[PDB]
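Chains as they are written, first to last, in the entry's author numbering: chain A, 742 to 790; chain B, 988 to 1037; chain C, 742 to 826, 854 to 940, 944 to 1135; chain D, 298 to 621, 640 to 676, 690 to 790; chain E, 988 to 1037; chain F, 27 to 67, 81 to 143, 153 to 172, 187 to 247, 264 to 297.
Quick reminder that beta carbons are idealized off the backbone N, C-alpha and C, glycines included.
Here's the structure, in structure tokens; my notes come after.
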Amino acid sequence: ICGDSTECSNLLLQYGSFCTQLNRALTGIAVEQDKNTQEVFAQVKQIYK
Amino acid sequence: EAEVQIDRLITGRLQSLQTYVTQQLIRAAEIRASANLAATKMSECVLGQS
Amino acid sequence: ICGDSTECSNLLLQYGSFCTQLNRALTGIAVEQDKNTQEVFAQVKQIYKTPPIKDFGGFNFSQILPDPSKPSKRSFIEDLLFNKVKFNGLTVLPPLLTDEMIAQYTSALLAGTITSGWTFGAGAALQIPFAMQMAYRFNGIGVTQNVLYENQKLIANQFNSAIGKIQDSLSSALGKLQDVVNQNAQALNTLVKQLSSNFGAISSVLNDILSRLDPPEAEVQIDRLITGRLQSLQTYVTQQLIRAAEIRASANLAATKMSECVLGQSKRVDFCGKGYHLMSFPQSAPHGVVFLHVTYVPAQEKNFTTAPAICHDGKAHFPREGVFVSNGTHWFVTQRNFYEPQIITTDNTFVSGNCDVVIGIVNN
Amino acid sequence: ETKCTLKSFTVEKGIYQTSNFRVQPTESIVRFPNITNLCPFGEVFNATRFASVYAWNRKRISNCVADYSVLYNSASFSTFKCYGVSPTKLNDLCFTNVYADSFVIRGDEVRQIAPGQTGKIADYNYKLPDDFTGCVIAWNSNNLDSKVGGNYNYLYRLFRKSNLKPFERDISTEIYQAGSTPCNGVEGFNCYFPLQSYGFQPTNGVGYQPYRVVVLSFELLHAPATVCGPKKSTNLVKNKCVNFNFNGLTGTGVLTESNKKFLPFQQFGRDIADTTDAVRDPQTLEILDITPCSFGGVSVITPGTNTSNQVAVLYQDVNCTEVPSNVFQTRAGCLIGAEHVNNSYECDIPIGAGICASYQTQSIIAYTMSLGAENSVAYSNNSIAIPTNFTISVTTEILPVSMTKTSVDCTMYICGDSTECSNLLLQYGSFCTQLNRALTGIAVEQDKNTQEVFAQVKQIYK
Amino acid sequence: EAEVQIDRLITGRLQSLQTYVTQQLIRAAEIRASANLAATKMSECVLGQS
Amino acid sequence: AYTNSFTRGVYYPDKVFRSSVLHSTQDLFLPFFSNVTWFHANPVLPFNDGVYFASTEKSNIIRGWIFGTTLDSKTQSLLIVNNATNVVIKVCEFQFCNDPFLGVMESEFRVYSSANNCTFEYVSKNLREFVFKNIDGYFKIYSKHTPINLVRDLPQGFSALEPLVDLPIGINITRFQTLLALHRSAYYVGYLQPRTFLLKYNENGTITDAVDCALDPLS
Ligand SMILES: *[C@@H]1O[C@H](CO)[C@@H](O[C@@H]2O[C@H](CO)[C@@H](O)[C@H](O)[C@H]2NC(C)=O)[C@H](O)[C@H]1NC(C)=O
Ligand SMILES: *[C@@H]1O[C@H](CO)[C@@H](O[C@@H]2O[C@H](CO)[C@@H](O)[C@H](O)[C@H]2NC(C)=O)[C@H](O)[C@H]1NC(C)=O
Ligand SMILES: *[C@@H]1O[C@H](CO)[C@@H](O[C@@H]2O[C@H](CO)[C@@H](O)[C@H](O)[C@H]2NC(C)=O)[C@H](O)[C@H]1NC(C)=O
Ligand SMILES: *[C@@H]1O[C@H](CO)[C@@H](O[C@@H]2O[C@H](CO)[C@@H](O)[C@H](O)[C@H]2NC(C)=O)[C@H](O)[C@H]1NC(C)=O
Ligand SMILES: *[C@@H]1O[C@H](CO)[C@@H](O[C@@H]2O[C@H](CO)[C@@H](O)[C@H](O)[C@H]2NC(C)=O)[C@H](O)[C@H]1NC(C)=O
Ligand SMILES: *[C@@H]1O[C@H](CO)[C@@H](O[C@@H]2O[C@H](CO)[C@@H](O)[C@H](O)[C@H]2NC(C)=O)[C@H](O)[C@H]1NC(C)=O
Ligand SMILES: *[C@@H]1O[C@H](CO)[C@@H](O)[C@H](O)[C@H]1NC(C)=O
Ligand SMILES: *[C@@H]1O[C@H](CO)[C@@H](O)[C@H](O)[C@H]1NC(C)=O
Ligand SMILES: *[C@@H]1O[C@H](CO)[C@@H](O)[C@H](O)[C@H]1NC(C)=O
Ligand SMILES: *[C@@H]1O[C@H](CO)[C@@H](O)[C@H](O)[C@H]1NC(C)=O
Ligand SMILES: *[C@@H]1O[C@H](CO)[C@@H](O)[C@H](O)[C@H]1NC(C)=O
Ligand SMILES: *[C@@H]1O[C@H](CO)[C@@H](O)[C@H](O)[C@H]1NC(C)=O
Ligand SMILES: *[C@@H]1O[C@H](CO)[C@@H](O)[C@H](O)[C@H]1NC(C)=O
Ligand SMILES: *[C@@H]1O[C@H](CO)[C@@H](O)[C@H](O)[C@H]1NC(C)=O
Ligand SMILES: *[C@@H]1O[C@H](CO)[C@@H](O)[C@H](O)[C@H]1NC(C)=O
């Protein structure tokens, strides 16, 4: 949003927790992508040869 | 005079980011339903006979 | 948005019907929460009760059967699970089924399966003694019935000792149920904490813009609050739709597992536990269900040497339902999952062809 | 009200949220703490000996509780004029400093104590600025200050070089010099002593008798605060939705006796999520909880207008004693217009917490839905049940495959054939391109949906 | 002064349209799960015995 | 000398009761583990943003402070004093001794030599902490009196400071001093900065612990 400027950050501080929610939403997505792969591929106890 | 314009810029740029995040949320639930189908296939077609 | 003030409420009329849509959305997701529970738990027509004298062949179900001296007539393990896990315009509606009703449903499922096997999920319940039901389930995984009947006390002791460990491991894990509670509370708190932001106004209180501003100047400041609060409410309502669509798929999987693991024996690999599925038992939890999966796991393997067929009198013989094995000097037939050698006869083999097209034939 | 909520003339069976119930606040109350320093004016308005007119006094009243009502209504004052501010609103304002000036003049000289006057008093004895703010009070004092033979102790200045600046004071006693001739500190023609004395005597006509005057001047420098009126306090009632104000805290709700213990400097308590939920009464210093005034949705239960026009009403999570026959209390609220029976049926219209309603027993009634009929299985350890016949069953199952493919032109929806609007819409970027791309991708998915269900066969078999 | 009034209409109508499109995207994902289940029933119940 | 505070200079940010609630605040605090001057027995110090101030004794050598910008006439200043009687707040224009103090016969007060234009009056071992701040023409004072089991060294521990006074003066402040009772017959000075803290509230509503959220990664 702002981006470097400082007149922008104090004005955006007036909107509450809108940016904390968005970062939580994106972090949940990123943690889900590793569990997707663990559930598909790590389906084996030993590494067989 | 400038605070008025900067608030318009802020409003637009926050709307864009909300659109982006909502669509990523809808698109990740579609990838999860696909990885769930893959896990069931790996269990039932690779670790057994169906 | 307004909090009982006619000035804000008249300005709000200029926004159309956004607030009838938001309520329609929340009502649509509050009705499907009761639809979710109805399809996991109301999978019986009758409420079955278990017999007073309980002799199930050495198997002991006392920690999962209902307990009258307990709260809500829950089982002993349903208690460990229930122990581990007013504002402005915000209310919480109660669920249609109480917890007592859901514990009643799971005790009817559990008394149906202990007593009739899988027959009550296909029609009228037909009773069968519990060890004969266990023998049918062993047949369903490809072991013969004498292997159950000759190992009854050992199989019953292993089952009792393994039900005793669930109770320790829980009494001493319900993170998937805790997370959905936490997410909903974290969202409801963020909704209320937004009632104290300006969004570019002189204050956050309507009794402060209606006290140091004349009506022509307070409209401009009230609209800045209206826009922000509408945005925040609509963000709350979108994220609830996206979270409810995920709870719905989980409940749809739970309803399939109740059908396929509790009212049947599944052959799907790793769908009702890890091993070979024997049977499953349901238990109710705060906003979900716990399945206890009982499976068979083979142990203590030996190697032998094998052949595909046996040549005799110029003919090739194949086993009817087993494998040919050799202990070093002699040749037997076993069943494939449990070692039990037999003499090769013309009753457990069949013939097809002459013994020069198969590769690996042995003479015997 | 249900027909209006649905916008129809036929409602089908169900349960509908129709409105809301909000208990109103009967009355309102205010409160504050007892008073201590209410300012003892009874020293400036109750002195035994006033001050001259040429050297007035100057008391600087300070942080206190000033009650200008005991002044305003005392009816003992012959003159009470207020200039910056009308008198009745004094006990409702706060300033930084109040000054009180005191002196004694003739009776008909009280009209020169006002902003913008002239005369021997206002010229050079006591001058009031032209934007005065305070009030001027004056009362006759013939019996105290006038004495037989003449009271020659009350002087005034009658010659000065130049009129005073406002609130300026001059107690010098130099020999005035009227003419051009220098005076050298001795009297004579055009060399006059500058002070004269009222010779007050008790047999003087009014307008010749001494009046005592007090000039209050409220000033507001730039401090943080100071003395002001004595904000009274009304009674306080509890256990009723009320509109309250606790020395600044404005709110609504039911007030109740508490059993928490603040620390002896804390005024009110807050909850998690930051809402005021306790206060301390300033006057009696006791803690009181603040609970919200009962409120909740209203739902209407109807068997359908094609069956009956009777109705039952649910007040959601409201205690059934504060709603404004059959009144029935539920874990889901208060139900009116249905009778509670002891039977148990299959659920018909879901109320909640295990309770359903039906139109059965020509009316409406509540009950704890039944899960099903009970059944003991004749289990023993050598008994088996084996079927001797069968039935063939056919049942249906219905599934949605597809929905309606719709598109919206984002530009024609918003502007609708208007170039003035279209060029302003270009300042938002790619919102309409995004919207059309989203809507088109779900129209393509719908044909894939029905290809995946129905085209599962290679040949057309007959 | 036409511009200041036109901008509020643009702002309101854009938000209306965005709400419509988001709720269509959430509903199409529910229809897709249903159609996948119906495809699986067609394969497993009509083209075989389950 | 210089010394290290450990967890010192926490005050209740305002009224409003409160219980067990790790409540988060942004305000002017004394950062944890800070560099606090040491004084023995004194000079003109700065103010610049609030002040922490502890002191230790059984007798009473510390007899108040004096504040302001110039500590003389031509501009206004505060004066807070305590003879063996009780506290005397005062706000005039003064003429302060460059080394002002009071004696201990028991005759004293060589502090100032002028008391003009007074705009506010008022009249009426051990560890005694004080927090002084000055916002929007109000001069706030928090304080706490804990008993040490030492005589004159800065101890360790947690103890929140409760508000005492509020003065709507308007005065500007840039400097301050101290006042001591002479011999005729130990104190520290921290400064406050804008920090963010996490306060733990008891069930009676007292602050029992805190976290300074800019000390280290764990915090
Ligand atoms: C089934 O197992 C339970 C153990 O959970 C047995 O019940 C307990 O047995 C112990 C040992 O005698 C007693 O001390 C407890 O009082 C029993 N009751 C409890 C814990 O509620 C039970 O006896 C077993 N059933 C059979 C038929 O042996
Ligand atoms: C089956 O026979 C194989 C062949 O010897 C055993 O596998 C070997 O075991 C030894 C000792 O554990 C290892 O050092 C070898 O590396 C193994 N692999 C070979 C020799 O290829 C195996 O233990 C036997 N299995 C059972 C159940 O007895
Ligand atoms: C393989 O199993 C056979 C069992 O049939 C073993 O042969 C018998 O062993 C017993 C006890 O050693 C003798 O009493 C019998 O006379 C044996 N022959 C028969 C026909 O029963 C044989 O020893 C086993 N081989 C190995 C390597 O363990
Ligand atoms: C299995 O048995 C057959 C018949 O007894 C064996 O066939 C004989 O093998 C010998 C040696 O190779 C020949 O001289 C004979 O002519 C064969 N006869 C026939 C009818 O084929 C066969 O070799 C045996 N297999 C093994 C591995 O010993
Ligand atoms: C405020 O004033 C009231 C009276 O105006 C005080 O009430 C008195 O309380 C004492 C209790 O210690 C009683 O013995 C008196 O009889 C009460 N007086 C009256 C007239 O009822 C009240 O105590 C005062 N507030 C405080 C904090 O002391
Ligand atoms: C000055 O003091 C006198 C005496 O205390 C006050 O006179 C009282 O006035 C009231 C109201 O007019 C009467 O009811 C009393 O009877 C008077 N006192 C006496 C002793 O009779 C007078 O109000 C005071 N002046 C001011 C300005 O407060
Ligand atoms: C198995 O491999 C061995 C080599 O060690 C070979 O001699 C034999 O013919 C093979 N037998 C079969 C059945 O493949
Ligand atoms: C609705 O009305 C029609 C005709 O009045 C009647 O045939 C039908 O049975 C009614 N439906 C119900 C549910 O009573
Ligand atoms: C409603 O208020 C009465 C009076 O205090 C109380 O007895 C009753 O229990 C309340 N209702 C409920 C559901 O508790
Ligand atoms: C229902 O049964 C209970 C039994 O405890 C009885 O007390 C109650 O009066 C009955 N209700 C009615 C309406 O008869
Ligand atoms: C405090 O700062 C001074 C400045 O020179 C430094 O010498 C001293 O070591 C510091 N004290 C601590 C405890 O860091
Ligand atoms: C204490 O000091 C104050 C400062 O003015 C003074 O007013 C007071 O009289 C002193 N105490 C005594 C007992 O004189
Ligand atoms: C402050 O004192 C000085 C000297 O006593 C005086 O000249 C000045 O007028 C005083 N201030 C005011 C506001 O009277
Ligand atoms: C305090 O000093 C500053 C110096 O920059 C001055 O601008 C300000 O006006 C002073 N405070 C007041 C209340 O006058
Ligand atoms: C204060 O807190 C203590 C411990 O937290 C508690 O035991 C006590 O009851 C509380 N109230 C008091 C001391 O009045």
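- Identification of chain A residues near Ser968(C) by a Cβ-Cβ cut-off of 7 Å yields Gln755, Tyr756 and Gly757, ordered along the chain.
- Counting only beta-carbon distances shorter than 6 Å to the non-hydrogen atoms of ligand 3, the qualifying residues in chain order are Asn1098(C), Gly1099(C), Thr1100(C) and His1101(C).
- Taking 9 Å as the CB threshold, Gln1036(C) stays off the interface with chain B.
- When C-beta atoms of the stretch 1079-1089 of chain C are compared with those of the stretch 1112-1125 of chain C, three or more pairs fall below 8 Å, so the two segments count as touching.
- DSSP places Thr109(F) in the coil class of the three-state scheme, outside both helix and strand.
- C-alpha of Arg567(D) to C-alpha of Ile233(F): approximately 34 Å in a straight line.
- Proximity of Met740(D) to chain E, defined by a Cβ-Cβ separation below 9 Å, is not satisfied.
- When DSSP states are grouped into helix, strand and coil, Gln218(F) belongs to the coil group.
- Judged by DSSP in its simplified three-state form, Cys590(D) adopts coil rather than helix or strand.
- When Cβ-Cβ separations below 9 Å define contact, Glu1017(C) makes contact with chain B.
- Excluding the 5 residues flanking it on each side, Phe565(D) has same chain C-beta neighbours closer than 8 Å at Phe543, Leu546, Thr573, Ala575, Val576 and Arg577, in chain order.
- Counting of Cβ neighbours within 10 angstroms places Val597(D) among the buried residues, the total reaching 16 or more.
- Contact holds between the stretch 1021-1039 of chain C and the stretch 766-786 of chain C, because three or more Cβ pairs, one in each stretch, are under 8 Å apart.
- Within the model, the alpha-carbon separation for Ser1037(B) versus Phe1042(C) is close to 13 Å.
- Counting C-beta pairs with one atom in each stretch, the stretch 802-811 of chain C and the stretch 875-887 of chain C have three or more that are closer than 8 Å, which means they touch.
- Ranked by Cα distance from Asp663(D), the first of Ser438(D), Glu298(D), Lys304(D) and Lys310(D) is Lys310(D).
- Collapsing the DSSP output to three states places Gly1124(C) in a strand.
- In the DSSP assignment, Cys1043(C) falls outside any beta strand (DSSP E), carrying neither H nor E.
- Cβ-Cβ separation between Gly504(D) and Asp405(D): approximately 4 Å, consistent with a contact (criterion under 8 Å).
- At a cut-off of 9 Å between beta carbons, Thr747(C) makes no contact with chain A.
- Under the three-state reduction of DSSP, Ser940(C) is assigned to coil, being neither helix nor strand.
- Here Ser1097(C) carries a strand assignment [DSSP, helix/strand/coil].
- Near ligand 2, meaning a beta-carbon closer than 6 Å to one of its heavy atoms, we find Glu1072(C), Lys1073(C) and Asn1074(C).
- Between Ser1021(C) and chain A, the shortest Cβ-Cβ separation is not below 9 Å.
- Rounded to the nearest angstrom, the gap between the Cα atoms of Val615(D) and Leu806(C) is 37 Å.
- Within chain F, the residues whose beta carbon sits less than 9 Å from that of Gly566(D) are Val42, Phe43, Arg44, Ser45 and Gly283, listed in sequence order.
- Per DSSP, the beta-bridge partners of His655(D) are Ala694(D).
- The stretch 355-384 of chain D is shown to contain whole alpha helix (DSSP H) runs of 4 or more residues at 365-369, in chain order.
- A Cβ closer than 7 Å to some heavy atom of ligand 5 marks a residue here, and those residues are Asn331(D), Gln580(D), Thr581(D) and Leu582(D).
- With contacts defined by Cβ atoms closer than 9 Å, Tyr200(F) and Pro225(F) do not form a contacting pair.
- Between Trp1102(C) and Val1128(C), the CB-CB gap reaches or exceeds 9 Å.
- Three or more Cβ pairs closer than 8 Å define a contact, and the stretch 318-333 of chain D meets that threshold against the stretch 514-534 of chain D.
- Distances from the CA of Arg357(D) to each of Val367(D), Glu340(D), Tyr351(D) and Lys776(D) were compared; the closest alpha carbon is that of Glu340(D).
- Closer than 9 Å to the CB of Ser1003(E) there is at least one CB belonging to chain C.
- For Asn165(F), the shortest separation between its Cβ and any heavy atom of ligand 14 does not lie below 8 Å.
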